[PDB]
Structure formats: C-alpha cells, structure tokens
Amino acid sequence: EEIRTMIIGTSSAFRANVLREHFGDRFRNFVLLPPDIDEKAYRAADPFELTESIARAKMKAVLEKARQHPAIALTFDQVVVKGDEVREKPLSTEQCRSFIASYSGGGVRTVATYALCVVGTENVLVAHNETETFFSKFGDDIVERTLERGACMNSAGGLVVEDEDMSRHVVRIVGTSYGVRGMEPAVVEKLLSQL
C-alpha cells in the first residue's frame, strides 16, 4: 500500500496552503474536502476535549464525503483561550472588536487538536497543539485598522498575528506563528510518524 494522496479536510485556505507547501515532498495528490459540520452541537468545557471532539466529528464527515467524491485524511479544530474564556470565531464586528482590544499588553493562548486517519482504517490519531502569544500595548486605533481588514472575523478569538498591525505588537510566541494561524507542520509530521 503506497499512500500518495492527502485529503485536506478543512475549508481553511491557510491550512491547505501550508499542507501543499510542506508535504508536497511526500504526497503527489492534494484533495480539498471540507467537513462542513454543525460545530455548535459540541460543548465540552475543557478546550482540549472540545477541539478533539470537533476534530473527530470533522474526520467522520470527511471520510463519509470521501466515499462518494490509498489516502490519508486530515482534520483540525482550534479555539482561543483568553483568561478563563474559550473563544471561537466572533459572531459580530462588536464582539471581534472586544476580542482584539483585550489582547493588548497581555498573553493569549490557542488550543487545537489535529486528527489524522488512513482512509479505510478505524484508527483516528490525534495530537494537540497549544501556543501562547504575548502583545505589547496598543490602542483603539490599531484595533480599528485590524477590524477594517476583516480577516479577523474568520479566526478563533479574532486573533490574527499575521495582520500588519497585530504583527508589529507581538513581543514573543511560545510555539510558532504557523501554530497560532492554525497549521504547524511539525504536528502533522508527528502524527504521520505514528502510523
């Protein structure tokens, strides 16, 4: 059995881009197949168990979709933790504004679960990835500039470290910026090694 195909089981353009770039030396074929599930149905308090339940639910949906259009499938789920609050994608500009403003002069975590499955098998491997990003102080003006670009709406906690203004206020990251953005290749490399 020679596996040459990766099923990219996410709608994230960034994730798809990194996967093709980093894993094109191993895989010939990259198939886009987003899970498109109702994530609101899953509600665990622990963000590690939360993201894991969602990544596994996403994998189930992807493998089902694969049956009707040898391979490995990958899914992901990621949330932000700020203080005691678990944050997903913001529901409005107002909440996003609030989210971004709160990152000034402090630390913010991301918690994720990556899942991997060889299509046709029953074992779904999972791995967690956690980051912590530390910002210097910034004011309402920088908040509005980031908001105006709109990409923040599509990230957990409205956290966009790649944003022109946000980037200028990052002091350090424990982890990698690719991890904060939702796809650290080292995590996928570790899961592949566990086959």
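Numbers for residues come from their place in the sequence shown, where the first is 1.
- According to the record, no deposited residue between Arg43 and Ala44 is left without atomic coordinates.
- Looking at mean Cα B-factors across 136-144 and 152-160, the upper value is held by 136-144.
- Per the PDB record, of the two stretches 117-125 and 71-79, 117-125 carries the greater mean B-factor over its C-alpha atoms.
- Split the chain's modelled residues into thirds by C-alpha temperature factor. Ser167 is in the highest one.
- In the PDB entry, a CA B factor belonging to the lowest third of its chain's modelled residues is recorded for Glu184.
- Among the modelled residues of the chain, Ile7 sits in the middle third by CA temperature factor in this PDB entry.
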